[PDB]
Structure formats: structure tokens, C-alpha cells
Amino acid sequence: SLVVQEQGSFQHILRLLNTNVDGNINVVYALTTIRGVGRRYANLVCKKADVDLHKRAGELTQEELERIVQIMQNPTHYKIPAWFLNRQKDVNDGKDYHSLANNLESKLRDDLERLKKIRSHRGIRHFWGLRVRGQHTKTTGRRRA
Amino acid sequence: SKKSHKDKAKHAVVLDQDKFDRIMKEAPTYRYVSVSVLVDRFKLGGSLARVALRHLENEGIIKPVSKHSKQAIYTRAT
Amino acid sequence: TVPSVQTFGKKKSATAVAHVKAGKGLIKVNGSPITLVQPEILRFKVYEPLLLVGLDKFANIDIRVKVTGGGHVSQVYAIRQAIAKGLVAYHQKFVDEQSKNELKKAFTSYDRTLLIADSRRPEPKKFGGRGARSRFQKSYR
Amino acid sequence: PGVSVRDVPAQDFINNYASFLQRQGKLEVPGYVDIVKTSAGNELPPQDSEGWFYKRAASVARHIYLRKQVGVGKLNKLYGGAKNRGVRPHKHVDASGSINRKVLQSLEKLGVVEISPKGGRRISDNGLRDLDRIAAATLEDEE
Amino acid sequence: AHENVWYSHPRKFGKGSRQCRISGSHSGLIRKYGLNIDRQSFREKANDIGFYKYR
Amino acid sequence: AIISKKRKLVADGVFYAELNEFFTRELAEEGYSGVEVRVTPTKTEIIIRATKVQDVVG
Amino acid sequence: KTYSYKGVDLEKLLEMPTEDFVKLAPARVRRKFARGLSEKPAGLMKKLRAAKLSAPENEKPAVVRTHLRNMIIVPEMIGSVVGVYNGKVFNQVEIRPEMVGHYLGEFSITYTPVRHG
Amino acid sequence: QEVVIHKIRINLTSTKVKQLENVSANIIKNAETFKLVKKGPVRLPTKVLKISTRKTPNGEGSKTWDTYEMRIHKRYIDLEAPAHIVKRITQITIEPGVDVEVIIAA
RNA sequence: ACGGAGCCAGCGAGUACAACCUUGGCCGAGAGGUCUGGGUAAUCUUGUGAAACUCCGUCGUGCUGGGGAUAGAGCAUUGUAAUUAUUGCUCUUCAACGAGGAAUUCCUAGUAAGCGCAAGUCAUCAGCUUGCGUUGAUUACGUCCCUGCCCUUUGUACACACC
Ligand SMILES: [Mg+2]
Ligand SMILES: [Mg+2]
Ligand SMILES: [Mg+2]
Ligand SMILES: [Mg+2]
Ligand SMILES: [Mg+2]
Ligand SMILES: [Mg+2]
Ligand SMILES: [Mg+2]
Ligand SMILES: [Mg+2]
Ligand SMILES: [Mg+2]
Ligand SMILES: [Mg+2]
Ligand SMILES: [Mg+2]
Ligand SMILES: [Mg+2]
Ligand SMILES: [Mg+2]
């Protein structure tokens with residue numbers, strides 16, 4: 001039934017991977033705020049972590065929070081396949097990984113400078129900062145700065 | 001764009017003991033209470049509003065008359 | 001053998017054929033009880049013939065209906081026509097024509113399409129647009 | 001008196017039969033459950049964490065009971081609605097075939113469905129009796 | 001025109017793989033039922049073929 | 001051969017168009033007027049309506 | 001870290017069997033090599049092997065002009081000096097270790113980028 | 001000696017109707033003349049062929065679209081008849097145009 | 001909106017001197033693969049079990065689970081050839097967008113609109129077009145006010161004709 005919900009324990013501010021997460025949102029749809037963590041991946045990591053999907057992110061204790069942040073840092077060990085990974089097969093080492101909030105941003109930037117250093121058509125277009133997937137640019141965007 | 005919305009939080013999604021008592025007291029004296037009628041009085045966010053509504057349908061505090069999805073009609077019991 | 005007749009109703013494409021016999025009051029559309037027509041909205045509409053006649057006026061008459069074509073609610077209106085036409089056909093072939101007159105009077109006093117088929121039908125679409133009587137748009141510049 | 005599956009509403013019967021399969025420890029659950037969205041067109045995995053597979057299996061059981069026989073591709077075309085193709089107009093996308101194949105294999109293991117001569121899987125005597133039993137149970141639950 | 005070079009590109013499929021059987025024009029062909037005629041020589045010879053204005 | 005009957009009739013129409021266009025192309029000097037095709041159970045007769053019958057026969 | 005492509009360093013990639021990299025080399029390369037590719041890359045490969053052999057071990061190999069923009073860099077090509085056909089000039093690409101996987105066309109810009117204003 | 005029954009079938013196709021009807025009626029009448037049993041000249045749904053073309057040959061102007069169609073009919077007929085009688089019947093009186101096919105269906 | 005549960009259509013089209021429609025069964029989460037079967041067609045695809053919609057649940061006003069463009073990483077199929085990303089799938093990133101100025105477009109009943117389906121373009125692709133069906137309305141049922149059209153009368157210094 002309904003719960004009085006642990007008078008004085010409804011936390012509002014959480015710091016997961018230096019992300020200022022709020023608590024009143026649903027757990028999966030609050031963790032989706034963290035970069036590299038989408039709705040689907042957060043939903044799966046919540047299902048594997050045996051915590052209620054309908055349970056809110058404001059009143060969990062720290063043990064579960066740390067258990068999931070462990071789960072979503074080495075996913076493949078926990079019956080998460082190669083897919084569901086932020087950087088599949090990871091073209092640096094061949095070891096499929098799942099980059100996270102700041103790691104995703106840093107590695108995306110590093111890939112951008114790699115594409116510059118290689119001086120590839122895709123990389124040179126990134127240097128310009130234009131359409132790269134080859135679409136028609138007669139009217140695409142027409143305003144970026 | 002402009003800071004014209006000025007919309008506050010305006011909702012507490014999960015009840016406390018105080019709001020529990022207010023809900024269980026003001027449950028009668030209202031001929032009609034819905035999900036959004038319950039939201040109107042600022043006492044719940046709204047996702048838990050229907051939770052509280054069905055949880056007031058445990059000892060027949062409020063009788064239901066129509067039980068359609070997204071719209072159930074609840075009238076105080078006497 | 002048992003007095004039995006066969007009718008049908010239509011809505012835009014939808015065809016509901018009904019076989020009606022002298023039985024013990026069976027209303028089975030697609031081998032299903034009438035209380036269980038899916039839409040959940042126009043359910044009372046299939047009740048419409050029945051409830052204008054009054055179930056007490058037919059209890060040893062049974063009806064089984066096979067239907068196809070059209071949409072859901074078009075299918076429901078085909079059900080309406082099929083049941084009404086079957087009942088009136090049974091009355092006028094076996095009981096009496098005063099009964100047929102009184103049933104037609106009771107029916108036609110409400111939703112005239114109860115016994116008559118909806119005669120107005122979709123028309124072909126044409127070029128120069130995306131509708132049968134619609135044009136794309138004009139620019140001038 | 002006599003009762004059949006067609007004589008009870010689809011939704012209440014289907015939920016009740018899914019719960020009935022929930023009670024029995026039968027109907028083996030494949031490994032890749034809890035992970036799959038049952039179709040590419042869907043955006044997020046089923047809200048029902050556990051028991052949704054039993055719901056689909058029950059739906060397969062009733063859906064085979066209605067007609068003569070069906071196949072996994074047929075259910076794939078039926079299962080799954082429209083895919084929000086980003087900006088593109090919503091089309092019809094076939095559901096995941098693996099989930100339906102495993103559902104039908106598990107239903108064969110339960111003996112509620114077997115291989116039909118025409119090609120596909122048709123209802124079984126034991127299976128149709130079980131469906132009649134659960135339909136009677138649901139009908140008596142209603143009244 | 002070493003035979004291995006000239007005309008070596010395959011035309012199994014695509015626009016240029018089919019001719020009009022009337023003028024050989026690749027543009028605007030009617031491939032339905034293997035008419036293999038373009039739109040307009042077809043509208044010329046269709047009343048002779050058997051197509052007709054009905055609606 | 002194994003051809004769809006609808007496609008068989010379409011091919012017959014194309015055949016008729018070819019024959020008529022051909023007979024127009026040559027027999028103008030002999031006054032071509034029309035061509036007819038009768039696919040008989042055994043043979044496939046072709047009739048020529050022409051002005052200069054002496055010339056078309058040769 | 002010096003450079004790692006897919007876990008194999010430049011030390012092994014420099015002397016690396018091509019097919020053992022075909023087990024690597026994401027889906028498109030695998031499909032290409034599963035269908036087979038053609039004799040023309042074989043000729044190009046032989047020409048570059050000869051050119052690399054004949055280079056005097058301290059100067060970069062001679063420029064080999066090449067029209068095949070549909071080509072992917074094989075591991076056994078690093079350091080080659082190939083002019084890919086931009087249309088007018090076989091604009092130069094010297095085969096860096098990261099060339100592998102990417103196509104030749106990814107470095108020959110067929111259009112000169114536009115300048116407005 | 002082919003007196004035994006063969007369950008023969010006659011398929012028909014015609015871009016027109018009048019000659020097809022005449023052929024079917026003639027076949028039925030000949031069968032009655034030799035007094036054979038049959039399934040009636042069951043009609044087949046009008047196989048209508050429609051293809052649309054841009055009526056302009058170049059592509060300018062108000063968008064005009066034209067539709068060219070045929071309508072073919074099959075009308076298959078099965079005969080529980082012996083061999084040579086039905087062969088003689090189906091090899092006589094075939095007016096031009098109407099394509100006829102014969103199958104033993106053995 | 002998203003999850004589940006129901007489960008209704010029609011026009012089409014479809015392999016031969018070449019390789020289509022694809023059933024059904026094994027696989028893979030998927031796209032997709034494989035084994036076999038029918039169908040030259042009211043037979044088989046297919047009753048194209050189509051969406052929109054119907055019921056029950058989660059979300060509850062916050063650029064929010066709306067919105068999915070823009071970016072990376074992989075896996076697939078077509079193609080001799082996918083790089084300037086062919087296309088589909090997996091994951092993540094999440095833009096602008098608060099029902100939009102002057103103006104302007106289409107429409108009177110199965111009609112507008114919403115929703116799809118099939119066919120044409122086809123190796124592979126649609127945001128397109130052509131046909132089809134589905135949920136199926138508001139508002140007239142009239143007038144020259146605007147834009148024109150028709151017939152008559154009248155005037156003109158116009159006739160390559162009020163540009
Ligand atoms: Mg241009
Ligand atoms: Mg429309
Ligand atoms: Mg559907
Ligand atoms: Mg669905
Ligand atoms: Mg829905
Ligand atoms: Mg939408
Ligand atoms: Mg969404
Ligand atoms: Mg149909
Ligand atoms: Mg957002
Ligand atoms: Mg829409
Ligand atoms: Mg076009
Ligand atoms: Mg003058
Ligand atoms: Mg002037």
C-alpha cells in the first residue's frame with residue numbers, strides 16, 4: 001500500500017560520477033541525466049540490480065547507489081552483452097567498453113582530434129564543423145553561429 | 001527564452017505524515033476527486049496522486065462509479 | 001426442417017452475414033457472445049435491434065453471424081443491419097406480416113439504417129492532390 | 001454450463017491465464033528475457049518486469065486456440081505496432097522472431113500446442129482443455 | 001579498344017540495363033509486366049496494344 | 001513456356017504492336033492498310049488487308 | 001600509449017597477416033573480403049610491395065599514382081606513398097599506421113571547399 | 001481405348017467479353033450435344049490491369065495523369081468427359097483472340 | 001508519450017530462360033541467416049491479423065519519458081564498386097521547437113482531416129507520386145465584397161489590344 005516514506009530521508013541531491021542528480025525523478029529516468037546513460041541502459045541496469053523500476057531515486061540508500069555504479073562501469077561481467085555499450089568494441093584496444101559521463105566526452109573529443117590528425121574527409125569536415133554524413137546542404141541548418 | 005514562466009516546483013510527489021493526514025481528512029466533503037482534481041490542491045505531484053486515490057479505495061472511503069483508464073470517477077461515500 | 005433464414009448487412013465494405021433459426025435464443029457473432037463485441041463503445045448499438053424489439057419478443061429464435069471487411073465500428077454497424085434484417089426476415093417468412101409491419105415501425109422510428117443498407121459509398125481518389133476532391137497547394141511565386 | 005474461450009473477454013481471461021502460468025513452475029523462461037523489447041519498433045522495454053513473457057505465451061495460446069494453426073512469422077507480423085522512425089512516417093515493423101519462437105517452443109513443452117500437418121503449430125487437446133478450464137475459472141471469478 | 005577494357009562494365013541491373021525496345025531510351029521506362037516500353041511511345045501504341053480509356 | 005496469363009496477353013499485345021509497326025514500315029509502297037492475327041489452336045494465321053495485293057503477294 | 005588500433009600495437013601490425021586482421025576490421029571490411037575483392041587490388045599490392053622494396057631504406061617510397069579510391073588500407077601497406085586520384089592530381093597520402101580501415105576516398109577531397117565572402 | 005474418364009479442364013482468357021461468352025456457351029452446348037456432365041461455366045473475378053502515365057511527354061504544365069487499363073476474364077470449365085470427344089470439341093470453333101488452354105488434370 | 005492486452009480492409013503485385021511473392025521449421029535481441037515447401041496465381045504469399053483505434057497500467061506540466069534532428073561506436077543486407085555516412089538494427093549524445101508576423105493555400109459528404117496499405121520509380125533505397133481502405137467530421141446549401149469567368153448594352157484617340 002501507500003507508505004509514509006521514512007520521515008526525513010527523502011534525499012534530493014545526489015553525486016553520482018560528479019553529476020548533480022535530483023531525486024524526485026524515477027530512478028532510471030533520473031540516472032538517464034548522466035551522460036552516456038540513456039533510458040534503455042538505465043532501465044536494464046535497474047532490472048539487473050533487482051531494485052524496483054517504479055521506485056523513486058530520492059529515497060534509496062547509498063549501498064544500492066554504489067552497487068549500480070559498480071554495475072554500470074563493468075557491464076559485460078553482469079550478463080550485459082557486448083551491445084548496450086557506449087563504445088562498442090572500443091577502437092583503441094578491441095575490448096568493448098561503456099564510456100560514462102566525463103569519459104564519454106573526453107573520448108569523443110579524443111576521437112575528434114584523432115580524425116583531425118589522420119586528416120580524413122570526415123575529420124576535415126569536423127575541422128570545419130559542417131554536415132558530415134553527406135546530406136544535402138542547400139538548406140540544412142542555415143544557422144549554426 | 002525569457003524568464004516569464006516563473007513556475008515554482010509546486011508539487012511534492014511523495015506524501016509525508018502531515019499530507020497523509022490532510023488527504024485522509026479532506027477525503028470526504030469533496031463530492032468529486034479525480035487524479036487532476038487531487039493534483040489541483042497541490043498536495044501531490046500526480047503520479048502518486050492516483051496511487052493515493054486507489055489507496056483510499058481500501059475500506060470504501062470513496063466509492064468508484066467509472067473505472068476507465070486515465071479517467072476514474074470517485075465520489076465520497078456516505 | 002427448423003424454420004431458418006439468412007440475411008446480411010453492410011457498412012462501406014463490411015459484410016455481416018447471419019443465419020437465424022428457431023432455437024433457444026443464441027446471439028453468437030463470430031462464435032462469440034453479443035455482450036463481448038470488442039469496441040466496448042458501440043456495444044449497445046448491436047443491442048439496438050434487440051432492445052427495440054424487447055428480448056421477451058424472441059426467445060426461441062437463435063442467430064449466428066459471420067462477418068468480415070471494413071473497420072471495427074463499420075463492422076459493428078454491419079452487425080446491427082444483419083441482426084435486424086435476419087429478425088424481420090424470420091418474422092415475415094414464418095410468423096406473420098402484421099408482425100413485420102410492427103417491427104419495421106418500431107425500428108424505422110429510430111436510426112433509419114436499422115433495416116435499410118447505408119447506400120452512400122466512398123468515391124475514387126484522383127490526381128492533382130492527396131484526396132478525392134483535394135488539391136496539393138499553389139505557390140504563384 | 002458449457003464454456004469456451006471465446007465466451008470470456010479477451011483481456012481479463014488473458015491476464016488470468018498469464019497469472020495461472022505464473023503460479024505453475026512450468027513454461028521455462030529463455031535466457032535473453034528482461035533484455036529484449038519484443039520488437040525493434042518499440043522504444044523502451046516492457047514495463048512489466050516479470051510475467052510479461054507469460055502474458056505473451058498466454059496470448060499465443062488463446063490466439064492459436066481461436067483458429068486452426070499459425071506460425072512464428074505470422075505472430076511477428078501481428079506482434080508489434082508502429083515504429084517512430086525518428087522523423088519518418090510510422091510504418092509497420094515486424095516483432096522480434098526469437099521471442100515468439102521461444103514462446104512456441106515453451107508452449108510445445110507444455111503440450112498446449114503441437115506441430116500441425118499444414119505447417120505451423122495448432123492447438124493441443126490438453127492445451128484446449130486447459131484453456132477451457134482457465135476460461136471457466138475466470139468466468140466464475142466474474143460471477 | 002582492348003576487349004578486356006572497352007564495354008567491360010556490367011549492365012546486369014540499374015537504369016542502363018534496360019532499353020525501351022522502341023527507341024532504347026533509358027529515361028522513364030515501364031518495367032511493369034515487362035512492357036519494357038517508355039511512358040510515351042507506350043501511350044502512343046497502347047490503344048493498339050489493348051489498353052483503353054475507361055475511367 | 002511458363003508465363004503468367006496476364007503477362008501472356010500483354011506479350012501478345014506487344015507482338016501485335018510489333019507486327020503492325022513492321023507492316024506499316026515496309027508495305028507503304030504496296031499500300032498497307034491493316035494486319036490481323038488469329039492464334040488458332042494449331043497455327044497462328046496472319047491476315048493482311050492491303051491495297052496492292054499483286055505487289056504484296058509478289 | 002604510443003598507438004593501439006584494436007589491441008595490437010604498431011610493432012605487430014607492421015608485420016601482420018592480412019586475413020588475421022580481416023577477422024578484425026569491422027563489418028564492412030569483413031563483408032568485402034568475404035565476397036572477395038578483385039585482381040586490381042592484387043596488382044596494386046604487388047606494385048606497392050615492389051616500390052617499398054626498391055626504396056633506399058631511408059627515403060620514403062616513390063609515389064604510386066592510383067585511381068582506385070574504393071580501396072581500404074591493408075595492414076601490410078603502412079608507410080607507402082600513394083597519390084590517390086582526386087580527378088586532376090593524384091593528391092598525396094603517405095600511409096600512416098592509422099590509415100588501415102579507412103578508405104582512400106577519405107583523404108582525396110573531390111571538391112575544393114567553398115569560400116564565401 | 002481411352003474411354004475412361006480423365007477429369008479434363010479448359011481454361012480461357014480473353015481481353016474482351018463477347019467472344020469469351022460465345023466460346024463458353026458453344027463449349028457447353030457441344031458438351032450437351034454429346035451429353036456429358038459438367039461443372040458450370042464458373043466466372044472468375046475481373047482481372048483489371050491499370051497503369052498510370054504522365055500524360056505530358058515532357059513534364060511541364062499542370063500535373064496531368066492518365067490511366068490505361070485492360071480487363072481479362074478466365075472462366076474455367078471442368079468436364080467429366082472421355083478423351084477424344086472433348087479433344088474434338090476443344091479443337092473446333094475457336095474464334096480469334098480468345099486464348100484457350102486444355103489440361104488433362106490427371 | 002510509453003509499456004503491455006484486443007485485433008478490423010481494400011484496391012494491387014509476384015520467379016523463365018531466370019532467379020520474384022514468400023509460407024512453415026531451426027537460428028540470432030535485432031536487422032538479418034539457414035533448411036524446406038507451395039504460387040506463373042480467387043489456390044500460395046494472404047484472411048497481406050495495416051496502422052489510427054479499444055482496454056488496462058507507468059508517466060502528471062518540468063524542453064518532461066514531448067520532440068529525434070545533430071554527433072560517435074558496432075553488427076547486418078544490396079551492390080563489381082557504400083568513402084561524401086546506400087539502407088536496417090544495437091547503444092549513447094540529445095538540438096531547435098512554448099500552436100508561430102505580414103500574407104497565403106485547399107475544401108460542401110464518406111467530403112476535409114487523421115491513419116495507414118498497395119502499386120509506379122527498384123539491385124538497394126523514399127520524405128514522392130499514383131490508386132485503395134480505414135476513424136470519419138465543423139460550417140454553408142448563398143452573394144458579387146475581393147479575384148476572375150460568361151452574355152448583353154454603352155464609351156474609347158486602344159488593335160504588337162491598359163503590361
Ligand atoms: Mg545547387
Ligand atoms: Mg486525405
Ligand atoms: Mg495490427
Ligand atoms: Mg502491438
Ligand atoms: Mg498504444
Ligand atoms: Mg507521435
Ligand atoms: Mg519517445
Ligand atoms: Mg482483405
Ligand atoms: Mg529532453
Ligand atoms: Mg500522426
Ligand atoms: Mg519522383
Ligand atoms: Mg491603330
Ligand atoms: Mg497605364
# chains A, B, ... in the order shown; residues from 1 in each chain; ligands from 1
>>> select_by_dssp(residues="stretch 6-138 of chain A", states="helix (DSSP H, G or I)", output="ChimeraX atom specification")
/A:27-31,39-48,62-71,75-78,101-118,121-128
>>> residues_around(residues="residue C:104", least_positions_apart="4", cutoff="9 Å", atoms="only C-alpha atoms (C1' of nucleotides)", output="mmCIF file with N, CA, C and O atoms, in the first residue's frame")
data_model
loop_
_atom_site.group_PDB
_atom_site.id
_atom_site.type_symbol
_atom_site.label_atom_id
_atom_site.label_comp_id
_atom_site.auth_asym_id
_atom_site.auth_seq_id
_atom_site.Cartn_x
_atom_site.Cartn_y
_atom_site.Cartn_z
ATOM 1 N N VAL C 88 -36.356 -9.582 -38.952
ATOM 2 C CA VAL C 88 -37.539 -9.212 -39.726
ATOM 3 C C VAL C 88 -37.823 -10.255 -40.802
ATOM 4 O O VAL C 88 -38.987 -10.563 -41.093
ATOM 5 N N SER C 99 -46.723 -8.684 -37.852
ATOM 6 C CA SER C 99 -45.510 -8.621 -37.049
ATOM 7 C C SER C 99 -44.391 -7.904 -37.793
ATOM 8 O O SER C 99 -43.667 -7.095 -37.204
ATOM 9 N N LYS C 100 -44.227 -8.182 -39.088
ATOM 10 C CA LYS C 100 -43.188 -7.488 -39.841
ATOM 11 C C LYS C 100 -43.462 -5.991 -39.887
ATOM 12 O O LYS C 100 -42.546 -5.177 -39.731
ATOM 13 N N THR C 108 -37.751 1.598 -37.711
ATOM 14 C CA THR C 108 -37.565 2.793 -38.524
ATOM 15 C C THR C 108 -37.867 4.080 -37.774
ATOM 16 O O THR C 108 -37.440 5.149 -38.220
ATOM 17 N N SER C 109 -38.587 4.011 -36.656
ATOM 18 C CA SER C 109 -38.753 5.182 -35.803
ATOM 19 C C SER C 109 -37.466 5.576 -35.091
ATOM 20 O O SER C 109 -37.502 6.468 -34.238
ATOM 21 N N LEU C 115 -32.777 -1.262 -40.826
ATOM 22 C CA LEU C 115 -33.143 -2.280 -41.801
ATOM 23 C C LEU C 115 -32.664 -1.958 -43.205
ATOM 24 O O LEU C 115 -32.398 -2.875 -43.984
#
>>> residues_near_ligand(ligand="ligand 12", cutoff="12 Å", atoms="only C-alpha atoms (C1' of nucleotides) and all ligand atoms", output="NGL selection string")
:I and (157-161)
>>> write_last_selection(atoms="N, CA and C atoms (P, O5', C5', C4', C3', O3' and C1' of nucleotides)", output="PDB file, in the first residue's frame")
ATOM      1  P     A I 157     -11.732  57.436 -80.339  1.00  0.00           P
ATOM      2  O5'   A I 157     -10.377  56.653 -80.618  1.00  0.00           O
ATOM      3  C5'   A I 157      -9.568  56.974 -81.742  1.00  0.00           C
ATOM      4  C4'   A I 157      -8.159  57.321 -81.331  1.00  0.00           C
ATOM      5  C3'   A I 157      -7.571  56.449 -80.225  1.00  0.00           C
ATOM      6  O3'   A I 157      -6.172  56.289 -80.449  1.00  0.00           O
ATOM      7  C1'   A I 157      -7.576  58.703 -79.532  1.00  0.00           C
ATOM      8  P     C I 158      -5.628  55.032 -81.287  1.00  0.00           P
ATOM      9  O5'   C I 158      -5.705  53.823 -80.256  1.00  0.00           O
ATOM     10  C5'   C I 158      -4.745  53.692 -79.218  1.00  0.00           C
ATOM     11  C4'   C I 158      -4.881  52.372 -78.504  1.00  0.00           C
ATOM     12  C3'   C I 158      -4.912  51.138 -79.394  1.00  0.00           C
ATOM     13  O3'   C I 158      -3.616  50.705 -79.767  1.00  0.00           O
ATOM     14  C1'   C I 158      -6.655  51.017 -77.793  1.00  0.00           C
ATOM     15  P     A I 159      -3.212  50.573 -81.316  1.00  0.00           P
ATOM     16  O5'   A I 159      -3.544  49.058 -81.676  1.00  0.00           O
ATOM     17  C5'   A I 159      -2.843  47.988 -81.054  1.00  0.00           C
ATOM     18  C4'   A I 159      -3.515  46.663 -81.311  1.00  0.00           C
ATOM     19  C3'   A I 159      -3.437  46.163 -82.748  1.00  0.00           C
ATOM     20  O3'   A I 159      -3.453  44.738 -82.746  1.00  0.00           O
ATOM     21  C1'   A I 159      -5.693  46.512 -82.164  1.00  0.00           C
ATOM     22  P     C I 160      -2.374  43.918 -83.605  1.00  0.00           P
ATOM     23  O5'   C I 160      -1.681  42.975 -82.528  1.00  0.00           O
ATOM     24  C5'   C I 160      -1.444  43.446 -81.212  1.00  0.00           C
ATOM     25  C4'   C I 160      -0.014  43.233 -80.794  1.00  0.00           C
ATOM     26  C3'   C I 160       0.508  44.176 -79.724  1.00  0.00           C
ATOM     27  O3'   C I 160       0.138  43.771 -78.416  1.00  0.00           O
ATOM     28  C1'   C I 160       2.088  44.002 -81.485  1.00  0.00           C
ATOM     29  P     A I 161      -0.034  44.860 -77.249  1.00  0.00           P
ATOM     30  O5'   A I 161      -1.609  45.085 -77.150  1.00  0.00           O
ATOM     31  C5'   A I 161      -2.128  46.307 -76.651  1.00  0.00           C
ATOM     32  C4'   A I 161      -3.635  46.329 -76.654  1.00  0.00           C
ATOM     33  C3'   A I 161      -4.319  45.384 -75.680  1.00  0.00           C
ATOM     34  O3'   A I 161      -4.396  45.937 -74.378  1.00  0.00           O
ATOM     35  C1'   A I 161      -5.337  45.221 -77.814  1.00  0.00           C
TER      36        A I 161
END
>>> atom_distance(atom1="atom CA of residue E:22", atom2="atom CA of residue E:48")
14.6 Å
>>> residues_near_ligand(ligand="ligand 7", cutoff="9 Å", atoms="only C-alpha atoms (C1' of nucleotides) and all ligand atoms", output="list in words")
residues 43, 44 and 84 of chain D; 1, 2, 65, 66, 67 and 68 of chain I
>>> atom_distance(atom1="atom CA of residue D:61", atom2="atom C1' of residue I:34")
27.2 Å
